[PDB]
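*Asks:* 3D model of this:
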Amino acid sequence: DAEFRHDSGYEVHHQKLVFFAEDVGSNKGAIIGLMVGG
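*Replies:* Numbering: from 1, shown residues only. See the structure here:
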């Protein structure tokens with residue numbers, strides 16, 4: 001669940017970057033390689 005918001009007012013710039021990220025190169029809460037005998 002992501003809630004991202006950007007509201008601009010009065011901005012004067014040569015360059016501007018707004019970077020919002022969550023899961024970039026990730027395996028959050030993943031199961032990888034599990035053996036259960038029972």
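
*Asks:* Name the residue closest to the centre of the chain, please.
*Replies:* With distances taken as C-alpha atoms, centre = their mean, residue 22 lies nearest the centre of the chain, 1.2 Å away.

*Asks:* you'd agree that one is up against residue 2?
*Replies:* Yes. If you go by C-beta atoms under 8 Å, residue 22 and residue 2 touch, sitting 5.6 Å apart. From N, CA and C alone the C-beta is placed, and that goes for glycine too.

*Asks:* Mind telling me what element residue 28 is part of?
*Replies:* Per DSSP states H and E: residue 28 is located in neither a helix nor a strand.

*Asks:* Which strand or helix spans residue 22?
*Replies:* Per DSSP H and E, there is no helix or strand for residue 22.

*Asks:* quick one, what contacts it?
*Replies:* Going by C-beta atoms under 8 Å, 6 or more residues apart in numbering, residue 22 touches residue 2.

*Asks:* can you tell me the helix or strand for residue 13?
*Replies:* Going by DSSP H and E, residue 13 is not in any helix or strand.

*Asks:* try residue 9
*Replies:* Residue 9 is part of no helix or strand, with elements assigned from DSSP H and E.

*Asks:* likewise residue 2?
*Replies:* In the assignment (DSSP H and E), residue 2 maps to no helix and no strand.

*Asks:* how much space between it and residue 27?
*Replies:* From residue 2 across to residue 27, the span is 17 Å (C-beta to C-beta, to the nearest Å).
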